[PDB]
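Enquirer:
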Amino acid sequence: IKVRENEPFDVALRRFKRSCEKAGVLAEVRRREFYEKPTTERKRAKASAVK
Amino acid sequence: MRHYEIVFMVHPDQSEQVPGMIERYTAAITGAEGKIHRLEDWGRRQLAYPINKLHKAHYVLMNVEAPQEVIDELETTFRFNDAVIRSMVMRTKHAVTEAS
Amino acid sequence: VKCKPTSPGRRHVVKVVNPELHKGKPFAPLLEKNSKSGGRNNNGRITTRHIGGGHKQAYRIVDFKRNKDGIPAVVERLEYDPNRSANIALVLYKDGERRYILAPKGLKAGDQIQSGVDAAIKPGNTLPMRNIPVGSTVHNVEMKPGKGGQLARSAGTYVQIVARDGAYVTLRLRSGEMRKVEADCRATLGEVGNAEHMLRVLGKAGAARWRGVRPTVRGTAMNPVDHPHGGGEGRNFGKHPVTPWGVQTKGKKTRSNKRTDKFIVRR
Amino acid sequence: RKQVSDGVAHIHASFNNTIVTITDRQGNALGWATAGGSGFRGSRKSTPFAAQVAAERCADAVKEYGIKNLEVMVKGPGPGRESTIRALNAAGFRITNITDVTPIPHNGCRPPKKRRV
Amino acid sequence: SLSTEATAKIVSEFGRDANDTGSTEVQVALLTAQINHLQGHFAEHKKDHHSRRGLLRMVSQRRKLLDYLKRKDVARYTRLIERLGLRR
Amino acid sequence: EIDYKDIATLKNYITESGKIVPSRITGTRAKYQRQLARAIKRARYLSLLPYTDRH
RNA sequence: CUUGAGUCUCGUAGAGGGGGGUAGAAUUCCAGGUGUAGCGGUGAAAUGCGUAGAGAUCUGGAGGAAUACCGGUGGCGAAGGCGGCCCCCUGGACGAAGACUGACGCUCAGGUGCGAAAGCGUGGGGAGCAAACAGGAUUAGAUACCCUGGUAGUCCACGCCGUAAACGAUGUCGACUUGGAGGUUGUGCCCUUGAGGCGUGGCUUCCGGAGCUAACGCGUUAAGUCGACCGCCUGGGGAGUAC
RNA sequence: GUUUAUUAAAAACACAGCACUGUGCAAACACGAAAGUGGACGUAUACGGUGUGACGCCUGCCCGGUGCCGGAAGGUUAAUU
Ligand SMILES: [Mg+2]
Ligand SMILES: [Mg+2]
Ligand SMILES: [Mg+2]
Ligand SMILES: [Mg+2]
Ligand SMILES: [Mg+2]
Ligand SMILES: [Mg+2]
Ligand SMILES: [Mg+2]
Ligand SMILES: [Mg+2]
Ligand SMILES: [Mg+2]
Ligand SMILES: [Mg+2]
Ligand SMILES: [Mg+2]
Ligand SMILES: [Mg+2]
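Protein chains in written order, with the authors' numbering: chain AU, 3 to 53; chain AF, 1 to 100; chain BC, 3 to 269; chain AK, 12 to 128; chain AO, 1 to 88; chain AR, 19 to 73.
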């Protein structure tokens with residue numbers, strides 16, 4: 003994550019790095035961990051991705 | 001014997017010792033019934049991160065073949081040598097030569 | 003336990019418990035460099051710091067500092083030295099010399115062993131702190147450059163430096179927290195003495211305690227005179243310090259030389 | 012009265028609150044803002060349009076120098092990662108580089124169990 | 001596992017012929033080596049169980065072969081158990 | 019691919035965060051994906067490549 | 001005798017195991033700089049921390065635990081389980097030309113050994129988390145959920161305990177029996193001109209036919225058709241309790 | 001095992017074990033106007049002081065009072081000028 007542009011303007015480019023980390027792997031932590039809850043829900047949400 | 005590949009990076013302000021360091025190691029390997037079928041001096045160059053401070057270090061490769069025994073002797077002289085910042089030596093994976 | 007070799011444990015026969023013995027140091031009987039040793043705890047008149055008695059002693063033995071330098075020693079044999087549980091080894095130099103040393107861990111059978119500036123960094127001999135890396139495990143250092151005091155209590159006793167400290171002063175004794183010490187000093191660098199050597203229980207007073215010191219226990223014992231607390235029907239209530247020492251921590255050692263050590267927490 | 016000219020601005024974007032401090036180049040406090048200190052408190056803050064009025068308050072305390080340009084350091088998620096940078100772009104300040112300095116470990120410490128209703 | 005200069009070595013010492021890597025006399029003996037050699041390994045680590053499972057395998061597997069010899073040529077059995085210092 | 023010196027053919031399988039690109043958007047025969055990632059790890063120690071990006 | 005089983009050769013993939021190193025991100029803490037009246041938390045709040053200067057911010061240091069991304073419907077393991085990079089010691093699985101042994105095999109009461117987590121003993125260690133415990137809140141009450149703290153413990157060594165919805169709730173071994181789409185790994189071959197195309201083995205997902213099934217559903221990795229050996233069940237409660 | 005020599009031998013003292021606390025070595029502490037000595041020719045697995053008294057299962061709530069430990073910003077405050 004590193005922005006930098008010539009010609010002063012508040013365009014953005016910022017939500018570009020907002021696709022690899024950002025508020026995601028953040029809230030991923032936030033509360034508790036997972037342990038068995040993930041290996042399971044991670045292997046059930048996978049079922050979803052079929053149709 | 002078993003092949004190898006060690007790339008040691010010596011402190012940036014101690015480059016002049018790099019050439020001398022090579023002769024010792026190399027000589028040992030040869031005096032250990034081993035072989036040296038690869039070598040190259042990368043010199044100084046910027047780092048991804050200020051590993052062990054600074055932002056540059058001297059790089060060198062190897063890719064020997066000497067018996068593990070004598071090379072295990074290297075980890076010691078390597079650790080107890082503030083010159084070298086980081087040490088990293090992989091296994092054989094068959095003789096490597098040229099290119100790099 | 004957790005290492006080799008484990009420590010025997012006498013079995014219930016006549017109120018018996020943990021003992022103490024090594025793997026072996028083959029022989030049962032010393033060299034010659036030793037004195038006669040004093041006797042009791044008393045100070046040209048009065049007792050002083052009560053407790054202290056029991057027989058069985060002698061055997062002084064020696065060596066520390068290690069003035070001698072780059073001359074190859076060879077461990078003659080490990081050996082057991084009284085009062086202090088830190089073994090001792092023997093060692094002979096390449097010129098028939100024979101100091102003693104504080105038996106480090108991996109030792110026994112001959113081994114390297116070298117002193118003086120610039121010497122193999124294993125557990126051979128002393129070495130100026132300067133000529134030492136991080137010394138996560140040095141040894142019986144010296145508050146001064148020449149001496150050899152410090153932690154001679156080898157038995158598991160260690161000391162950690164801090165990789166590369168400047169100003170010429172470092173070290174980290176056990177509970178001694180942090181404390182700087184002249185870097186022109188040297189450390190054995192080995193730093194050991196076998197811990198289990200101090201992992202058994204005396205047993206049952208007498209043949210285990212008495213053979214060292216007297217009943218170091220007095221408790222209240224009552225009799226408002228013999229100690230700053232006594233009498234009562236059968237209990238204590240109040241303060242119980244001998245000579246208003248105030249056993250409530252207090253702490254001591256104030257002003258004067260030294261006291262230029264650092265960190266030191268309080269939990 | 013030092014005239015730092017240019018200095019990065021940290022945006023501690025959190026949930027229960029957000030605060031932006033217009034520090035100098037090296038990283039010295041020159042002026043900090045705060046939603047909790049921006050009139051509304053309790054929890055009415057948080058919301059982006061609430062933090063913007065906060066960080067904007069800096070242009071009233073850190074304006075004593077003359078920041079002609081400055082970067083932005085966004086840390087942690089929450090309603091104040093965008094709002095802040097925006098309000099700053101209107102306040103009159105410039106910009107040199109936007110970046111997210113949110114502490115994203117590698118499975119180091121074990122987060123709190125917490126919440127379970 | 002085992003080194004070729006050793007495996008291909010021993011085979012030419014118990015084989016009643018040449019390159020008979022099958023022969024019980026051979027295979028069986030070939031097992032003792034990797035076994036005795038590992039005993040020094042298991043002396044260290046200890047906790048390494050997943051490796052002992054294989055150790056026990058070749059052990060019983062070796063025995064399964066010894067019983068065979070006894071049930072195919074009494075002589076060969078007692079004639080091999082010595083050259084390997086077996087039975088203990 | 020099995021190395022780290024070939025830093026040239028690696029900066030493509032990363033990004034502004036130096037994060038190992040998934041195999042989803044690569045379909046690198048899988049077997050190769052495994053090797054490709056192994057390099058980026060060990061290669062980062064030789065400071066040849068970066069771990070994070072903020073430092 | 002050779003197709004079962006096994007040996008040899010040469011390759012292949014792997015978070016299989018034991019030991020030792022080492023790296024980077026983050027947390028906490030200690031110190032110091034900047035700076036100033038809030039921070040933290042909740043549905044709100046309050047306890048708590050702040051003018052003895054917090055929070056924020058930046059520099060240096062100490063320490064412990066776990067290894068983002070790759071990571072998958074993935075892989076390895078007998079099971080339990082096993083994720084950073086490096087080295088050392090080590091086990092098993094699979095393919096292929098082959099060469100070799102020659103039924104040396106399958107199962108297995110008793111027996112031996114391995115066993116998540118919690119727990120136990122001795123000694124270490126202790127950042128984060130967190131039974132107990134203590135405050136604040138909620139409520140009719142709240143010995144809870146929520147909030148601020150926090151001890152054992154979680155980590156290491158070595159020894160013990162042997163349980164789990166220890167689950168595929170489906171014993172191990174072998175032979176048969178329509179198909180479709182996919183994953184992962186080996187090998188042969190094809191203007192190998194290619195991402196690639198055609199086969200032939202291992203392991204593995206999802207759909208599903210015959211059949212089986214009380215139904216759900218299982219369906220070549222069977223719960224279908226058979227054979228060998230072992231464990232087990234015989235109404236609910238009382239009770240996996242008493243002795 | 002020890003104890004009231006000469007009315008008390010005990011459930012009392014001690015004990016091994018446990019815990020708290022202090023001590024960085026010219027150690028803490030003690031004898032001593034001091035020099036010096038003991039602690040120790042030991043050096044934190046060491047030495048002292050306090051309490052409990054093998055071992056087994058354990059050792060709950062209270063820091064208001066007194067004591068001790070840390071802080072020491074602000075109030076009060078000695079000699080001294
Ligand atoms: Mg009395
Ligand atoms: Mg009386
Ligand atoms: Mg009195
Ligand atoms: Mg809680
Ligand atoms: Mg399997
Ligand atoms: Mg456990
Ligand atoms: Mg424990
Ligand atoms: Mg089906
Ligand atoms: Mg008696
Ligand atoms: Mg009497
Ligand atoms: Mg009497
Ligand atoms: Mg009592």
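By construction, the Cβ of each residue, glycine as well, lies at the ideal position given by its N, Cα and C atoms.
Mind reading off the beta-carbon distance from residue 133 of chain AK to AK/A66? Whole number of angstroms is fine, and I expect it under 8 Å.
Expert: What the structure shows of chain AK is the stretch from 12 to 128, and residue 133 of chain AK is not part of that stretch, so it cannot be assessed.
Enquirer: Here's the rule I'm using: 16 or more other beta-carbon atoms within 10 Å means buried, otherwise exposed. How should AR/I43 be labelled?
Expert: Counting Cβ neighbours within 10 Å, AR/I43 comes out exposed, since fewer than 16 surround it.
Enquirer: Measure how close the beta-carbons of BC/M131 and BC/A189 come, nearest whole angstrom, since I'm counting them as under 8 Å.
Expert: Contact flag correct, Cβ pair sits at about 6 Å.
Enquirer: In chain order, what residues have a CB nearer than 6 Å to some heavy atom of ligand 3?
Expert: Chain-ordered list of matching residues: BC/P226 and BC/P230.
Enquirer: Pick helix, strand or coil for AO/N19, following the three-state DSSP scheme.
Expert: Reduced to three states, the DSSP call for AO/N19 is coil.
Enquirer: Along the beta strand (DSSP E) that carries AF/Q46, what are the first and last residues, could you check?
Expert: Per DSSP, AF/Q46 belongs to the beta strand (DSSP E) from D41 to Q46.
Enquirer: Do you know offhand how far BC/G41's Cα is from BC/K149's?
Expert: Roughly 26 Å between the two C-alpha positions.
Enquirer: Could you name the residues of the same chain whose beta carbon sits closer than 7 Å to that of AK/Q14, not counting the 5 residues immediately before and after it, in chain order?
Expert: Cβ neighbours of AK/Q14 beyond the five flanking positions: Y76 and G77.
Enquirer: Indicate whether at least one CB of chain AR lies closer than 8 Å to the CB of AU/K39.
Expert: No - not a single Cβ of chain AR is within 8 Å of the one on AU/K39.
Enquirer: With respect to 7 Å, is the separation between the Cβ of BC/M180 and the closest non-hydrogen atom of ligand 1 below this value?
Expert: Because no heavy atom of ligand 1 lies under 7 Å away, the Cβ of BC/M180 does not count as near it: no.
Enquirer: Report the neighbours of AK/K86 on chain AU: residues whose CB is nearer than 7 Å to its CB, in chain order.
Expert: Here the premise fails: no neighbours, minimum Cβ distance about 10 Å.
Enquirer: Do we get a CB-CB distance below 8 Å when we pair AU/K19 with the residues of chain AR?
Expert: Yes - at least one Cβ of chain AR is within 8 Å of the one on AU/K19.
Enquirer: Identify each residue in the region 20–48 of chain AF for which the Cβ-Cβ distance to at least one residue of chain AR is less than 7 Å, and report them in chain order.
Expert: Residues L47 and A48.
Enquirer: Shorter than 8 Å from the beta carbon of AR/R52 to some beta carbon of chain AF?
Expert: For AR/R52, the answer is no, since every Cβ of chain AF falls outside 8 Å of its Cβ.
Enquirer: Taking 8 Å as the CB-CB limit, is AR/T33 close to chain AU?
Expert: Yes, AR/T33 counts as interfacial toward chain AU.
Enquirer: Does the contact criterion of 3 or more C-beta pairs under 8 Å hold for the region 64–81 of chain AO versus the region 48–59 of chain AR?
Expert: With the cut-off at 8 Å, the region 64–81 of chain AO and the region 48–59 of chain AR do not touch.
Enquirer: Consult DSSP for AK/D17 and reduce its assignment to one of helix, strand or coil.
Expert: Note: AK/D17 maps to strand in three-state DSSP.
Enquirer: What residue ranges within the region 31–103 of chain AK form continuous alpha helix (DSSP H) runs of no fewer than 4 residues, ordered along the chain?
Expert: Here the runs fully enclosed are 59–66 and 94–102.
Enquirer: Could you tell me if AF/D13 is buried or exposed, where buried requires 16 or more neighbouring beta carbons within 10 angstroms of its beta carbon?
Expert: Its Cβ having fewer than 16 others within 10 Å, AF/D13 is exposed.
Enquirer: Interface residues of chain AR around AU/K4 at Cβ under 7 Å?
Expert: Simply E34 and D71.
Enquirer: In the DSSP assignment, find the unbroken alpha helix (DSSP H) run with AR/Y50 in it and report its ends.
Expert: Here the alpha helix (DSSP H) through AR/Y50 covers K49 to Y63.
Enquirer: Can you tell me whether DSSP reads AK/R121 as helix, strand or coil?
Expert: AK/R121 falls in the coil class under three-state DSSP.
Enquirer: Which same chain residues end up closer than 6 Å to AO/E25 when comparing Cβ atoms and leaving out the 5 residues on each side of it in sequence?
Expert: For AO/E25, where only same-chain residues beyond five positions count, the Cβ hits under 6 Å are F14 and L80.
Enquirer: Give me the chain AR residues within the contact set of AF/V7, using Cβ-Cβ distance strictly less than 9 Å, ordered along the chain.
Expert: Those within 9 Å of AF/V7 in chain AR are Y22, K23 and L64.
Enquirer: Can you check whether the CB of BC/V18 is closer than 8 Å to the CB of BC/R12?
Expert: Yes. Within cutoff.
Enquirer: In angstroms with no decimal places, state the Cα-to-Cα distance between AO/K72 and AO/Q27.
Expert: The alpha-carbon atoms of AO/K72 and AO/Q27 are separated by roughly 16 Å.
Enquirer: List the residues of chain AU whose Cβ lies closer than 7 Å to the Cβ of AK/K56, in chain order.
Expert: Result: empty, since nearest Cβ-Cβ is about 18 Å, beyond 7 Å.
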